[PDB]
């Protein structure tokens, strides 16, 4: 029962292959559901359940918000280049925001801005205030918090409008988002010298959370286990690996343990 709505905006001064001038991607529970960029100038669905529940006026409505924000972010790039006294070139303005709906029905808000790869303004939940990273950011903090109402409008959006959208979205995507797919697990031997490396690979699982560990006669070997980060497949499932080096004559003692929402009991897998 955790749920999230998130928007990621990336605006560059220097478009490049695969990098339009402005891109806005929306995500529900970590899965893309809407996409906009400055080259198409339209918002496209990225999953079937949003295309089936939204009419034309929804797509027109979010599209004109993205087109307008695109326009504002082109001005931001000029403003910030001059403010930091930079030369024309490669520059990136980024915004990530949205809301979480937690187990206990409490909510959380995210609102953070980056410029040229560094923190610019970060909303701090305890201070109820944007943290400026530098004197450049302080100017914008003043514009938003003191010289106008923007900071309060964002607060309202994050705590109300965003949640209302999230509730709608989870109800249209309930089947896709709460599905389960089992990993195909294989333990492989990798090449090494005087040492036997075992590699446990779990393919195609959903949802994302997983525990993959190595046991020796039933005992976790956390100290000796290296594990990669969880990474996506093209179909919305995930992938992870974990390796351990062992004494060749101990081969029979090791099992890979996979605990996952799709598996009634944790699976044990052997070379």
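Numbering follows the first chain given and starts at 1.
For the pair 124-132 and 86-94, the mean Cα B-factor is higher in 124-132. For the two regions 106-114 and 153-161, the entry's Cα B-factors average higher over 106-114. Based on the entry's C-alpha B-factors, the most elevated value among 241, 205, 33, 58 belongs to 58. Between the residues 215, 65, 212, 54, it is 54 that shows the highest Cα B-factor in the PDB record. Per-chain ranking of the deposited C-alpha B factor places residue 267 in the lowest third.
Ranked against the other modelled residues of its chain, the C-alpha B-factor of residue 248 as given in the entry falls in the highest third. In the deposited entry, the Cα temperature factor of residue 72 sits in the bottom third of values across the chain's modelled residues. Looking at the C-alpha B-factors along this chain, the one for residue 26 belongs to the lowest third. Remark: residue 147 belongs to the lowest third of its chain, ranked by C-alpha B-factor as recorded.
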